[PDB]
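So you can see what is in the structure, the chains are spelled out below.
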Amino acid sequence: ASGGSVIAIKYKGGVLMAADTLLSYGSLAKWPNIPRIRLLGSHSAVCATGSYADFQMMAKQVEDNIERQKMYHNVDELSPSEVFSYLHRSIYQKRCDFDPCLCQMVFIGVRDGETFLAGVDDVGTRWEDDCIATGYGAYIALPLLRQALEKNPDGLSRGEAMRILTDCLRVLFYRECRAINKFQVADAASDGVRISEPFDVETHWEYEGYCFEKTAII
Amino acid sequence: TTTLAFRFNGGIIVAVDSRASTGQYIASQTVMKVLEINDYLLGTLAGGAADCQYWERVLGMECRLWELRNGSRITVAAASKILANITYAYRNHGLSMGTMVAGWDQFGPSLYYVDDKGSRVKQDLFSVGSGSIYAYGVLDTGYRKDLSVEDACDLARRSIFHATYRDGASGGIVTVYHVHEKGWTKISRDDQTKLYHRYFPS
Amino acid sequence: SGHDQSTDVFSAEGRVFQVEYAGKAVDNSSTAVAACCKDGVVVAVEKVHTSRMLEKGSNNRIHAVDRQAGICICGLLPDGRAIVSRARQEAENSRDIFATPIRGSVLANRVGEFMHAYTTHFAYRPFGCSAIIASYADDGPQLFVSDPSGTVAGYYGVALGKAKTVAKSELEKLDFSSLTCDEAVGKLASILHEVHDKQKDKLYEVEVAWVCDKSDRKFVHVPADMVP
Amino acid sequence: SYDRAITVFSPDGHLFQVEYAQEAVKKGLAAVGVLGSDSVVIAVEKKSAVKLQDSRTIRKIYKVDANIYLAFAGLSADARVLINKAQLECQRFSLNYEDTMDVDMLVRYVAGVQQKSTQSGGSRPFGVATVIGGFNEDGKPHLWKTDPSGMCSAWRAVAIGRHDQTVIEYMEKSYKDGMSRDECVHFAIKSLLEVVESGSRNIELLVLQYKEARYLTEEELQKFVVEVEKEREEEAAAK
Amino acid sequence: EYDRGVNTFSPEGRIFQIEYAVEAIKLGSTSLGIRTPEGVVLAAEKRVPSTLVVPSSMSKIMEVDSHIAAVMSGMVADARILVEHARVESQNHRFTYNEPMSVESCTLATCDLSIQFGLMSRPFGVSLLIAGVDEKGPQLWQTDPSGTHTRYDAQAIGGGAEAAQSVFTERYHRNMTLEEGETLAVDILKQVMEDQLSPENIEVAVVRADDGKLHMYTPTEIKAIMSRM
Amino acid sequence: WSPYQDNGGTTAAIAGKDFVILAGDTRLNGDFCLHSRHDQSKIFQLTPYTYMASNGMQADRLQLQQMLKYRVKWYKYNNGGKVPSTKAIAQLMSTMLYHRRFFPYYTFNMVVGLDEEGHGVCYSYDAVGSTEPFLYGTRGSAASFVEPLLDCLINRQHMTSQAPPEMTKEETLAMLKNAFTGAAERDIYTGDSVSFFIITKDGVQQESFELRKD
Amino acid sequence: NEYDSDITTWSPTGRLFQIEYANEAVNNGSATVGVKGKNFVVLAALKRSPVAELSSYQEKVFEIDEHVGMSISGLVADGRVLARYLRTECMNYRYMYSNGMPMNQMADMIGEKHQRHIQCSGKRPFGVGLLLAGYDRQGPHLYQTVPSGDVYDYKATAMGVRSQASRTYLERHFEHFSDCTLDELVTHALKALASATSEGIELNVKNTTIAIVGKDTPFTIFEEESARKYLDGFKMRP
Amino acid sequence: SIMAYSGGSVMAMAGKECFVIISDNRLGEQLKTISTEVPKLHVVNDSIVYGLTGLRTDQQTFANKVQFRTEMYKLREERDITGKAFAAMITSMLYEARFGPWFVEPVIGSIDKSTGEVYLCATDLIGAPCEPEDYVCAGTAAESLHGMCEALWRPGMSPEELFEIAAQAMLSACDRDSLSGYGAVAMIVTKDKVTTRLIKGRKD
Amino acid sequence: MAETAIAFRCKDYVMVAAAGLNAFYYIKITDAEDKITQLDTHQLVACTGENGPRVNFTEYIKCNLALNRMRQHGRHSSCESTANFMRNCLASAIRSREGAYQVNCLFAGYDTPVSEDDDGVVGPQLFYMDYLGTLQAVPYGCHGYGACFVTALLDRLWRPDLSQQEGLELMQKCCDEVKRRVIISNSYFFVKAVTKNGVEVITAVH
Ligand SMILES: O=C(Nc1ccc(F)c(-c2ccn3c(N4CCOCC4)cnc3n2)c1)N1CCCC1
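Residues numbered from 1 in each chain as written, not as in the entry; some residues may be left out. Chains lettered and ligands numbered in written order. Part of a larger assembly, values for the part shown. Heavy atoms only, no water.

Caption draft 1: Broad picture of the interface of chain G and chain C. The interface of chain G with chain C comprises 33 residues on the first partner and 31 residues on the second. Summing both partners gives a buried area of about 2800 Å² for chain G against chain C, and 51% of it is carried by carbon and sulfur. When the buried surface of chain G facing chain C is broken down by residue, G:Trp10, G:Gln119 and G:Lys155 rank first, second and third, together holding 25% of it. Where chain G touches chain C, the interface holds 2 salt bridges. Between G:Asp108 and C:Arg81 there is a salt bridge; the shortest N-O distance is 2.9 Å. For the interface between chain G and chain C, the tally reads 20 residue pairs in polar contact. (Contact = heavy atoms within 4.5 Å. Buried area = accessible area lost by both parts, 1.4 Å probe. Salt bridge = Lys/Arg side-chain N within 4 Å of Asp/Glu carboxyl O. Polar contact = N/O pair within 3.5 Å; in protein donor to acceptor, adjacent residues only side chain to side chain.)

Structure follows, in structure tokens:
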């Protein structure tokens, strides 16, 4: 059971992360109603491309670590950065044991103003950026998200950041095979992370060049 | 790599090139391939530069611990054995390291070759590395026991030079050492292109 | 002389003197008091401060074991914290392995089994604390007390420490079918203020915690406004 | 396993268990070492010729390696275990470094093993003092003593076992530095005779020279003992 | 006795076995250190049991490395274990960091072995003065049986340690010449040690600040010190 | 599934008589895409005077960095506050890389800093810790471009002309700015920016510098 | 007393004597003092005072991480054992989370580690007291650890010999420490410490360590040139 | 094959109140013949004789291990081990090595001294006992021995008759095997007596 | 296989030859490395493989034999005993993590009566041993590429009753036949013999 692509982008005063609500089992689209974005404590969310099982285990290990530390010792909850640091070290330890967490997480968080967005690979590669994607999001969505950040160098508004996410989801739907047109968007702002009710995106299929007569081989 | 040592009446000459080459790309032209284990003992590194550097440095530590514990310098026999015991322990751990331990102990000059497979050969003459096949041709033809120290260094230096000229993996600076009763002295350190114009003036 | 040196040895009378002596450590400790209501459960413990210069929340005798459960330690605090650490290890095994909040009755028996283990072997000594386990898992509001022996018992209400006897007289005045957690915080704290020796232990505060419907069945310290 | 602390300090700073292992050595049969110019002589007393002990010759001076021989004093059983340990260490050393292990190297090993027994939980000390003689491969003669504490010192002449201190106080009066193979043997027997019974039959003695270990025959020996006991009569007349 | 365990405190807060291992050192031969800016001097009464002992063999001062020497007092056999460890750690440091181990780091590593007793039945009945030269300059450290390590300017351990501290109080200053330090080291050993002081009767060593190297003084060289006094 | 991934990028250092300039491009490339243009993980301060640059796999560079940071922290504690020399850290790096030679760090390291005498130095490593002190160094995707150029312009061994004076901090920086600009143009895995660190007795002075963004 | 030999033996009155005895190790240790203000914690420790022209040094104050350090009293060997543990644990934490171990969490770890030693027969209680001083998100923390495994979050405290005199001084002034500057805190830390000195001896750089940690200030130990700023111009007047 | 490396075949054969066990004499390394005087039979006691085929190292190691076990038995039990117990013991030892086996295929002939009932047991290398009424064989010539022994063997044969057909079997089968021959040592075990015979064969 | 070892046993000596060749790929490191290690006064082993195993094996046997003498108060173990000790050591190794010792041995010895009471074998003993741990008593035997050449030649010319002199002549023919026929240059053979008197190093034959 595999998650498809995840895409995330920083906006002025938060981070949006989006993901199809679909677990595939090879070619098969097994479950189109899976909440792939998971909240980690009060500030952070995480979503993974790749083994749902490895994600389920890692996400469990992380979310316990956060709640335990907070509840056992009268300390401030781990920051996004610190939760992500834990996730990264955990994943790298697994690749050093040749028992890898065979999934590429995207990780968002917001403590105060401090807005965190980062990716981590199966092998413990980690990178912060103003936009992250995993899966086909990296090949399809990133180019577009990066262009939207280059055009708006001061920073995106929530609306502009949502418009560009939505346009990236549309393309992922067209071009990623193992996708559905049902998404959720995590929005990390000051208050914390909200996950949207699942939505679809309008899709254009009626180009005159897609007509039966043109696309015919003979 | 090219790396040769030989025993003669004046003691032991050790001569080496300077090039670390991953077959095609020359990593370095300035690798020190004679490790100075103590004041009376020399290692040579050939093969895996890391493997030799690491295990000769360990050997150097065991040789120094020996001198502290027993209050006398280790013998070449024992030092060569320590290294042969390491390489034999690691014989199917894919070490790559051809080595010569050359020294002067209580029992006069001793030269030993020590392989990655735990081989430990005691002879009067060796060359080790990709350019051995070249060094040996010059070295075997010019080698006598009765050489002067001057003529023994000349032979060694020429033998390394002729390996550097022909082996792709061998080159750089032709360093020569002399092991004698008083220890070792670094005789000469000559660039092998300067040596070409010395040996073939035209 | 040899009958009482280790907890691995029964006396002729058939009792384990080292566990009785560990129990003496609790009966000489600061008074703790607790109440199990319909709404939830409440724990109040007097902390005798040795120094005027401690921070507020120093030597907290009450610790969250899980979301739904907390251990108040009457006795040697350090020993108590080893039990809290184990109670936690059990609470997190329940969630890790069985995907359920540990039930109060289960958590208590697990704490009792642990404390008992240390009464059986020559190499270890009995714990110097009675744990008061308050929980509000799926078995409802539960109050248990594991003592040094490992003997677990469920309570409606329970007093431990040097004012155990007098604090119990005052807990018997409460009706347990009727009272709410919001009343109890008041009455349990009031009891601890009443039974306290003013001339012996000048510096003290009353740490109260609960786990009730009010707190979202989450085991927390009660705010400072309710405490008096 | 059983790792109770057996060797422990007492109020006065004494390790009683090591002091008692040394009480075991004082009760043990006297052994003697004498270093010469070209010779090491080790002389030991035997319990004395009982008609029943096998006529076949058992040597009370044990061979650790070709170069190295040791006499001991104390518990026969414990000493056998040290000697088997030493014997193994000399061979473990030839395996790991082509060279034969020097006497001083082995002595330190044996003394280390004796120290470990005074600090290992679960074990009493070895109730054994040791006299280890031999020649390094270079040709230098070495005579060493190891006591149960695990402390080892090289000597010009040494005694262990019963009346060790009587023999040592006697030896350091008469001992001369450069000594012939014959003078060493003479001196060793003369020294042993200070404490051992007048009898010649109890003494058994080994003469180490570079690459040449030889025990004196009881014929060779009784010549030296007659020559020595007539010299001990000369010293009795003087006093 | 065995009634008190090894790991037992006294009512006055001292571990007994440690307090008794310290009583074992006051029986031992006197050793001492003098840290001078020119270098650090270790001296040691040998306390040879007999004339017949080869005095070189029972060496109270031991080379730990080119630049660090240890002098022991108390149980010699034990010290050999500690100094063996110092040597292994010193050479591991050289191996790993291509540099001489600091004297403090070498003291700390020697005291790492001295904590682990319950593995070992008892503490080491030895106190060690470890004197060397590193970047910090010439330094003198003392290890105890406890595992405590204390840097000193001058310190004496063993029999007349108490009588020698009295002489240091009077005579030691921080701007001594190595020559005066050697003179003092031997002047004390003469007063303190039971036997009459000979060139063979005592061991002297110095690590000189200038070359950073250890020299064990030969009997000839110790006579040269006694000659100027 | 390989445990190894090459995340590209080049590092280069050049020692002068009083300083090292250490430089490493900032692009972190994944498999057939690029993850970040702003990855600063390539260069890592160990001590005020000593930096490690590190190419190949990022995840291993990040582990190795922390493994060294904690060996260096231990050294501070065990050696009474004293920070280890560049030379000590260079041997430590050889030793730590070799201890992993049966599952090696996919990381081509340099250790770069001032030596005992204040003179700059670069230890370049292989996978398993073979190193030597040198006055320049390069590791990473464009090392094969930059190393010959540094040989040419510093050692001048095939030049009859008299060797230029010494090469100041600003000339040395300029030489590296040029070398990276070239590597960025021709190596497909080097680009975006170069972080320059200019280690001196006084302190590390660091400045970014833009490359071809493509 | 047949109950004071083993750690595993409760007395009949419900005391653990081997813990009460390990506590005496701390009370005979040399005095250290801790005071915490709004943004800073100041440890001040008495070292041993040079006898004539003859110095001793013994590491009694330890940096543990950027944001934490220690002052020990009692068995310095056991202080070193805790120092190593806390350093190891603080490194592990910072490796995992890329941020300093929170001080409340660290206080719990030492407590736990002490307790492992007060129950098993094989082990013995640590004969050392710590003054942990640290800074995190929740601000400055000063903990006094003790052999019993108890850990006291303190506004100010002293430890070691004649420390009841230091705690007396601190009790007069501790209410004003959240209002104090860093230089007033250090004055208070020293004025407290100087109450603990014997008969006629005064504080000075050669016989007093000072360590500070707080907001934007990593844990620093001042000896010699650094300490003189606080200690050259310091006198204790009634 | 590791089993065919050393060469050698063994065969045992039940008669009336007797058995014949017969090994060839060749020891090899593949096709080079090291010795022509290496019979593969071992005498546990009066009543039991076994052969080991397979890798010569393992024949020698396994035979030693068995000689240890059968001598220990003799001391502890204060009696000779019986054929059945000996065969059971040998399967136990071979199956102890199921994963990493001894390259040996033991052939055990035995006879109960009282009853006179014969027990043969061939075993594969992991202990699987094969306990037939007639004959067992193992080793390089085993395919060819099965043919000879099937043809020549009858039930109630006297020792002398039995020897002849076992010799003719072993020799004829060895003449069709590169890796076995140089004659044979046979051993005719009865209640009363144990004959041993060196048999003249080819030099081939 | 490169390095040929030859041995044969007559009435009153065992003769052992072994090729001097130590090689690295195709490079003769030396033509004169002594493969024939004396284990005791009357026992030796022509051992042939790479130097690493050959030495580590032979030294291990030699040291355990010497240790067994030290513990057995100078009692010289029989040849059957050390042959079996050696084969058990080789055989143990083929089922170890280390792997087999890749060494082929000819273990030669002269058993002398070790006391008045010794009823055991008197005279020369020769044991062929494969790397696997195959032990076989033989009158003669060979390891190496030259093995089968010399084995046939000895089948032809070996008698049990040859003189020490007829043995030198025969050992020369054997060595010469290896040089003539094996492509690996075995140009120098160390030849030793074990007699009642002990090991003697034969220099005539090479
Ligand atoms: O040559 C060796 N002995 C010996 C033993 C172990 C060895 F690892 C290597 C050896 C191995 C890789 N070598 C290289 N390589 C080749 C391939 O191209 C890149 C560079 C260069 N040099 C080398 N030498 C040499 N001997 C010759 C006769 C005496 C022993």
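Caption draft 2: Local environment of the pattern of salt bridges. On inspection of all chains with the given rule, the structure shows 107 salt bridges over all chains. Residue E:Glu99 is joined to F:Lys82 by a salt bridge in which the shortest nitrogen-to-oxygen separation is 3.8 Å. A residue pair is termed interchain when its members come from two chains, as with E:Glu99 in the loop between α2 (76-97) and α3 (103-115) and F:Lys82 in the loop between α1 (58-78) and α2 (86-98). What you see here is one network of salt bridges that share partners, running through A:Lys60, A:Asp64, A:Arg68, C:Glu92 and C:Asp96. (Helix = DSSP H or I, 4+ residues; strand = E, 2+ residues; numbered from the N terminus.)

Caption draft 3: Seen up close, the sheet that holds strand β5 (residues 36-40) of chain I. Residue and element names in this part refer to chain I. Read across the sheet, 5 strands follow the order β5-β6-β7-β8-β9 without closing on themselves; strand pairing throughout is antiparallel. Each edge of the sheet is formed by a strand with only one pairing partner; in this case those strands are β5 and β9 (135-137). For this sheet the average axis-to-axis angle between neighbouring strands, irrespective of direction, equals 25 degrees. Bridge count between strand β7 (residues 104-111) and strand β8 (residues 123-129): 7 bridges; the pairing is antiparallel. Within β8, the position partnered with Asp111 by the bridge is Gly123. Across the sheet, helix α1 (residues 51-71) touches β5, β6 (43-48) and β7, and the angle it forms with β5 is around 15 degrees. Contacting β5, β6, β7, β8 and β9, helix α2 (residues 79-93) crosses the sheet at an angle of about 10 degrees to β8. (Pairing = 2+ DSSP bridges. Axes fitted to C-alpha atoms, helices over the stretch in contact; angles between N-to-C directions.)

Caption draft 4: Local environment of the packing of aromatic side chains. A complete count under the given rule lists 61 aromatic pairs over all chains for this structure. Each ring, one from B:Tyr177 and one from B:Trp184, has its centre 5.5 Å from the other, and the planes form 70 degrees; the classification is edge-to-face. Considering the side-chain rings of C:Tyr118 and C:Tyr124, the 5.2 Å spacing of their centres and the 70 degrees angle between planes classify their relative orientation as edge-to-face. A connected cluster of aromatic rings, assembled from ring pairs, spans B:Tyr54, B:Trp55, B:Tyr90, E:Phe95, F:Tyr98 and F:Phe102. Taking the ring centre of D:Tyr215 as reference, the NZ or CZ of D:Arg59 above it sits at 4.1 Å. Lying over the aromatic face of G:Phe222, G:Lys229 brings its terminal NZ or CZ to 5.5 Å of the ring centre. (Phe/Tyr/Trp six-rings, centres within 6.5 Å; stacked < 30°, edge-to-face > 60°. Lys NZ or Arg CZ within 6 Å of the ring centre and 35° of its normal.)

Caption draft 5: Structural view of the packing of helix α1 (residues 52-72) of chain A against helix α2 (residues 80-96) of chain A. Residues and elements named next belong to chain A. The contact between α1 and α2 brings their axes to 10 Å, and the two run at 135 degrees. In terms of their interaxial angle, α1 and α2 are classed as oblique. Along this stretch, α1 crosses α2, giving a crossing that reads as right-handed. Contact residues: α1 offers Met58, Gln61, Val62, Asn65 and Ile66, while α2 offers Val83, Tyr86, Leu87, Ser90, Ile91 and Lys94. (Parallel < 35°, antiparallel > 145°, perpendicular 65-115°, else oblique. Left-handed = near helix turned anticlockwise from the far one by under 90°.)

Caption draft 6: Inspection of helix α3 (residues 141-151) of chain A at higher detail. Restricting attention to buried positions, one finds in α3(A) the residues A:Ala141, A:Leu142, A:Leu145, A:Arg146, A:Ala148 and A:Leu149. When α3(A) is viewed along its axis, its buried side chains cluster within an angular range of 155 degrees and face the same direction. Seen from the buried face of α3(A), the exposed residues on the opposite side, beyond 90 degrees, are A:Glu150 and A:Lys151. Buried positions along α3(A) lie against β2 (6-11), β11 (131-134) and α4 (158-175) of chain A together with β4 (34-36) of chain F. (Buried < 20%, exposed > 50% of the residue type's maximum accessible area, 1.4 Å probe, protein only. Arc of directions from axis to C-beta.)

Caption draft 7: Seen up close, the arrangement of the chains. The pair of protein chains exhibiting the most contacts, out of 14 pairs of chains in contact, is chains C and G. The two units chain F and chain H never meet; even their closest C-alpha atoms stay 27 Å apart. In this assembly chain F lies apart from chain I, the nearest approach of their C-alpha atoms being 17 Å.

Caption draft 8: Representation of the interface of chain E and chain D. Each partner contributes residues to the interface: chain E has 29 residues there, and chain D has 32 residues. When chain E packs against chain D, the two sides together hide about 2600 Å² of surface, and 60% of this comes from carbon and sulfur. Considering only the surface of chain E that becomes buried against chain D, E:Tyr2, E:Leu52 and E:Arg122 emerge as the three largest contributors, covering 30% of it. Scanning the region where chain E abuts chain D turns up 0 salt bridges. Element by element, the count of residues in the side of chain E that touches chain D is highest for helix α1 (residues 16-25) of chain E, at 5 residues. Of the residues contributing to the side of chain E that touches chain D, the split by class is 19 nonpolar, 6 polar and 4 charged. (Nonpolar A, V, L, I, M, F, W, Y, C, P; charged D, E, K, R; others polar.)

Caption draft 9: How the structure looks around the site of the ligand. In the vicinity of the ligand there are 18 residues, among which B:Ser96, B:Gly98, B:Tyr113, B:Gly129 and B:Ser130 approach most closely. In this structure the ligand sits where residues from chains B and I come together. Interatomic distance of 3.1 Å between a side-chain N/O atom of B:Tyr113 and a nitrogen atom of the ligand. In this structure, a nitrogen atom belonging to the ligand sits 3.0 Å away from a main-chain N or O atom of B:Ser130. (Near = heavy atom within 4 Å.)

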